[PDB]
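Working notes for the structure below.
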Amino acid sequence: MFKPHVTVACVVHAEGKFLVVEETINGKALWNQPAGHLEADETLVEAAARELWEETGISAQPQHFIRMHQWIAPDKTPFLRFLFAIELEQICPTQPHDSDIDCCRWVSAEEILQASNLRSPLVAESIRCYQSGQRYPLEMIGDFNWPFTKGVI
C-alpha cells in the first residue's frame with residue numbers, strides 16, 4: 001500500500017497572460033499555478049475546478065488535459081501532478097477563498113519563465129508544456145463507472 005500525493009493544477013490563459021497565485025511558504029512570497037490536493041470521492045477534473053475556485057474565486061471547468069508530472073519534492077513527498085488548460089476569452093476578476101493565498105496575478109509567460117520565486121520548478125515547466133501547444137482530451141484520464149453524480153445538461 002504505497003500511495004503517492006495526488007494533485008491537480010490549472011494553466012489559465014487569457015490575452016497573453018497566465019493566472020498565478022501568490023503564497024508565503026515559510027517566510028517567502030512564492031508563485032504557483034492555481035493548484036491543490038485531490039480529495040476523496042472526487043474526479044480529477046472536479047478536483048481541478050474546485051481548487052481553481054478555492055484559490056481564485058474563478059469558476060470555470062477545465063478544457064483539456066496537458067500532462068501529468070511524477071516527481072518527488074525536496075521534502076521527499078511523492079506527487080502525481082495532473083496539469084490542465086483553461087482558455088478564457090478575457091481576463092477576469094479574482095478573489096481567493098483560501099487564506100493560504102495572499103493575492104492573484106495575471107502575468108506573461110516570460111515573467112514566469114524568468115522568475116526566481118516559484119513554488120517549485122514545475123510552475124515554469126507547466127508554461128513550457130502549455131507553450132508547446134499539444135493538448136489532449138479530458139476523457140483520457142477520465143472516471144469509469146463512477147458512482148457519484150457530476151455535471152448536468
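Please give the contour-minus-distance gain from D98 to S59: 0.36 nm per residue of separation, less the Cα-Cα distance, rounded to one decimal in nm. Show your work: numbers first, answer last.
On the way: separation 39, 0.36 × 39 = 14.04 nm, distance 1.40 nm.
Result for the pair: 12.6 nm of gain on full extension.
What nm value, rounded to one decimal, do you get for the distance between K28 and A124 when each label is placed 7 Å out toward the C-beta?
The modelled label-to-label distance comes out at 1.3 nm.
Taking each pair of distinct Cα atoms in the chain once, what is the resulting Kirkwood hydrodynamic radius in Å?
Working: mean 1/r = 0.0627 Å⁻¹.
Taking the inverse mean of 1/r over all distinct Cα pairs, the chain comes out at 15.9 Å.
Explain nothing, just the number: relative contact order of the chain, from Cα pairs under 8 Å at least 6 residues apart, as a whole percent. Before the final figure, lay out each step's value.
On the way: 284 pairs, mean separation 45.9, N = 153.
RCO, the chain: 30 percent.
Over segment 69-139, calculate the relative contact order: mean separation of alpha carbon pairs under 8 Å at least 6 apart, over the residue count, as a percent.
Working: 32 pairs, mean separation 12.0, N = 71.
Here the relative contact order equals 17 percent.
Under the definition of Cα pairs under 8 Å and six or more residues apart, what whole-number percent is the relative contact order of segment 1-79?
On the way: 97 pairs, mean separation 22.6, N = 79.
29 percent.
To the nearest 0.05, how large is the calculated FRET efficiency for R105 and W146 if R₀ is 30 Å and r is the Cβ-Cβ distance? Each step should come with its number before you reach the end.
Numbers: r = 35 Å, r/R0 = 1.17.
For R105 and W146, the calculated efficiency is 0.30.
How large is ³J(HN,Hα) for each residue in segment 56-71, as worked out from phi by the Karplus curve 6.51 cos²θ - 1.76 cosθ + 1.60 (θ = phi - 60°), to whole Hz, x for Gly and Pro?
Result, ordered by residue: 8, x, 6, 10, 8, 7, x, 9, 9, 6, 9, 3, 10, 10, 9, 8 Hz.
Under unit Cβ charges (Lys, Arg +1; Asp, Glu -1), what dipole magnitude, rounded to 20 debye, does segment 5-70 have relative to its Cα centre? Write out the running numbers ahead of the final one.
Values: 4 positive and 10 negative charges, 65 e Å.
So the magnitude is around 320 debye.
Among DSSP bridges having both ends in segment 1-148, what percentage is antiparallel? Round to the nearest 5. Can you show the working numbers first?
Numbers: 23 of 33 bridges.
The answer is about 70 percent antiparallel.
If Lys and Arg each add +1 and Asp and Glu each add -1, what is the summed charge of the other residues whose beta carbon sits under 11 Å from the beta carbon of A73? Mind showing how you got there, number by number?
On the way: positive: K76, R81, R119; negative: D75.
Neighbour charge sum, excluding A73 itself: +2.
Every read-out reported here was derived from the displayed coordinates using simple, explicitly stated rules and does not represent laboratory data. When we count neighbours, we look across all protein chains shown, and the Cβ atoms used for this are built from the backbone with ideal geometry, even at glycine.
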